[PDB]
Amino acid sequence: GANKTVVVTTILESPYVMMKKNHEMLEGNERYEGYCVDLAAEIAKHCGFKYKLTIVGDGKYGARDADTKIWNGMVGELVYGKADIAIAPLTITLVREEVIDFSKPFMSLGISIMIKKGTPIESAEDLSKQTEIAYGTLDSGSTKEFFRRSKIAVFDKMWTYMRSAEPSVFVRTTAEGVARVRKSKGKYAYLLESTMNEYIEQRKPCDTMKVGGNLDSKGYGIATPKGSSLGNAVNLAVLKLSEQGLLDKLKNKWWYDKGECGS
Amino acid sequence: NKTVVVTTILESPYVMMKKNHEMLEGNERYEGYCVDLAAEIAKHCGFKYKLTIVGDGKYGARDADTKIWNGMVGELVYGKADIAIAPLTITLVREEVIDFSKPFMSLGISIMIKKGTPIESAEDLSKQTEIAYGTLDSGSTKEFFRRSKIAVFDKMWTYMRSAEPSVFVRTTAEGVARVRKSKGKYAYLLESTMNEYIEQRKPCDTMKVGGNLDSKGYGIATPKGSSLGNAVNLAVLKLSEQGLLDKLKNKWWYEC
Ligand SMILES: C[C@@H](CNS(C)(=O)=O)c1ccc(-c2ccc([C@@H](C)CNS(C)(=O)=O)cc2)cc1
Ligand SMILES: N[C@@H](CCC(=O)O)C(=O)O
Ligand SMILES: N[C@@H](CCC(=O)O)C(=O)O
Ligand SMILES: [Cl-]
């Protein structure tokens, strides 16, 4: 039928999507800025559609409840028909691929470790062999599922500890994880994606560090409901943007160009 | 069902002839990362398969004149093979004619020098002429330079395409040999995965310099609209999540 405005679900997560200074004076898409805002604009341009950015209601990436088998987060928006497309740092995973489509990845990352500087930890190994320094992950996302599902010894041991720790080591948002690392005098380390880790490492007060190698290797993709007519074009747009070097530029713009911890 | 025809390419350590292969037969002739991968994929998708080395020994490019596709890509496009399991780069032009799974490995274009060569970056290469440099024929690296609007890469392209003698090579091994036999006067542009594998092998006389010039992935390819596509993609994701892709990389990139 006639062209319709495309509903883009996304998540407030720096530096992917952030409230512009003066957002209280702005409306619609103008309220926001960031890597995924820029990406959304480029994708819409290359696929020839109009769109409306909408922050996911429950503020989550997406997990399926093991009881009700209901999906929440951005994945839920797509599965239940609330949004037409998701443009966010949304990790490509098997369980998600089974219910939604993903474009080829637009960004690579791996699970990694964030510490307050000087913390005596340099690996997942180290974390698992001690109990003084607590550690956890984001709720309702791909990192928690990674530990829950892992059959690798060190990671299995970390999960056994995490899932029962008290008080809870899990946080509802990345910002909550960061604050907890920053305020815990070295007694909390945070497991998050290297992209977010690296972004925070360049933010004031420059008191956090990525340590160790990545625990795994994967990517973010743009998601659409299964069998959506947008999928193909969006995949091509991502490949074109990648090959033009636009994704590389966008990353430097939002991570490094105006980093706050020196050159 | 049918025996799935797998096209692939002799490229270490992805696919290599085993020692004594001449008395061996069929799939047992070969070993390497993609050989193991093919076995895992087949097991997870429930098919039997026959590994075959691509006839012209190429990855895949479209002729600008004829617009015919060669290499593994051509074999998919013209129905000679059902699936390609090789270090085949996901690209826009290819994706327009065949299907790719989500990537099973990451890589970027990179620079290989003979140790001691006074070069640290692509920019260095482009600002001089004592040291010649080139790429593989009929693959994504050559197209990369052909299409780049980025100044440094565009300058390298301009030099490489008119250089005499030719700086382009038919196989990765000929590029590596060329770097080794050229007394520092030839540098080779190739994917970081292959660069790093070679760097760890004797005679340990080559080196990767600079960062990767780009960032991309290898994918498993099927003819456009193949029924095999979906299952293979779920297989790659499961293998990735189970840590198996990481294990295979550690095994084949285990001299120096
Ligand atoms: C820079 C962009 C370019 N993306 S593109 C489509 O041009 O290739 C990029 C992002 C991610 C990767 C990448 C490659 C391989 C792997 C496997 C280890 C896992 N693969 S998966 C889909 O299950 O996460 C993960 C991520 C490569 C490139
Ligand atoms: N990108 C992740 C969220 C971040 C994390 O889990 O660390 C996801 O899609 O679930
Ligand atoms: N992986 C490349 C071949 C090697 C190269 O181009 O450097 C391709 O699929 O074309
Ligand atoms: Cl032999």
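All values below were derived from every heavy atom in this structure, side-chain atoms included, with hydrogens, water molecules and symmetry-related copies excluded. All ligand and atom numbering here is 1-based and tracks the order in the structure. In the text below, chain A, chain B and the rest are named by the order of the sequence lines, each starting its count at 1.
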So which heavy atom in the protein is nearest [atom], and how far is it from that ligand atom?
atom: atom 16 (C) of ligand 1; value: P103(B) O, 3.9 Å
atom: atom 6 (C) of ligand 1; value: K104(A) CB, 3.0 Å
atom: atom 3 (C) of ligand 1; value: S215(B) O, 3.5 Å

Counting heavy atoms only, which of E95(B), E243(A), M107(A), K216(B) comes nearest to atom 27 (C) of ligand 1?
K216(B)
Salt-bridge present (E174(B), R178(B); N to O < 4.0 Å):
no
Heavy-atom contacts under 4.0 Å between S242(A) and ligand 1: side chain, backbone, both, or neither?
side chain
Using a 4.0 Å heavy-atom cut-off, which part of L237(B) comes near ligand 1: side chain, backbone, both, or neither?
side chain
Near ligand 3 (heavy atom, under 4.0 angstrom), the protein residues are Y59(B), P87(B), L88(B), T89(B), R94(B), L136(B), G139(B), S140(B), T141(B), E191(B), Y218(B)
Taking atom CD1 of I87(A) and atom CZ of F106(A), what is their separation to the nearest 0.5 Å?
8.5 Å
Atoms of ligand 1 close to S106(B) [distance to a heavy atom under 4.0 angstrom, numbered from 1]:
14 (C), 15 (C)
If you count the atoms of ligand 1 from 1 in the order shown, which ones are under 4.0 Å from a heavy atom of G219(A)?
24 (O)
State whether the side chain of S192(B) and the backbone N or O of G108(B) hold a donor-acceptor pair below 3.5 Å, judged by distance alone.
yes
Can a donor-acceptor pair be found between the side chains of [X] and [Y] at a distance below 3.5 Å?
X: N214(A); Y: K210(A); answer: yes
X: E199(B); Y: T206(B); answer: no
X: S148(B); Y: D154(B); answer: no

Let me know which of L37(B), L51(B), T8(B) forms a side-chain contact (heavy atoms from CB on, under 4.5 Å) with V15(B).
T8(B)
Residues 90-101 of chain A side chain polar contacts: donor-acceptor under 3.5 Å, at least two apart:
| residue | atom | partner | partner atom | Å |
| --- | --- | --- | --- | --- |
| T91(A) | OG1 | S142(A) | OG | 3.2 |
| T91(A) | OG1 | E193(A) | OE2 | 2.7 |
| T93(A) | OG1 | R96(A) | N | 3.3 |
| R96(A) | NH1 | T91(A) | O | 2.8 |
| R96(A) | NH2 | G62(A) | O | 3.1 |
| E97(A) | OE2 | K102(B) | NZ | 2.7 |
| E97(A) | OE2 | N233(B) | ND2 | 3.2 |
| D101(A) | OD2 | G227(A) | N | 3.3 |

Between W69(B) and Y59(B), is the ring centroid distance below 6.0 Å?
no
Residue pair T193(B) / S106(B): nearest heavy atoms and the distance that separates them:
CG2-O, 3.8 Å
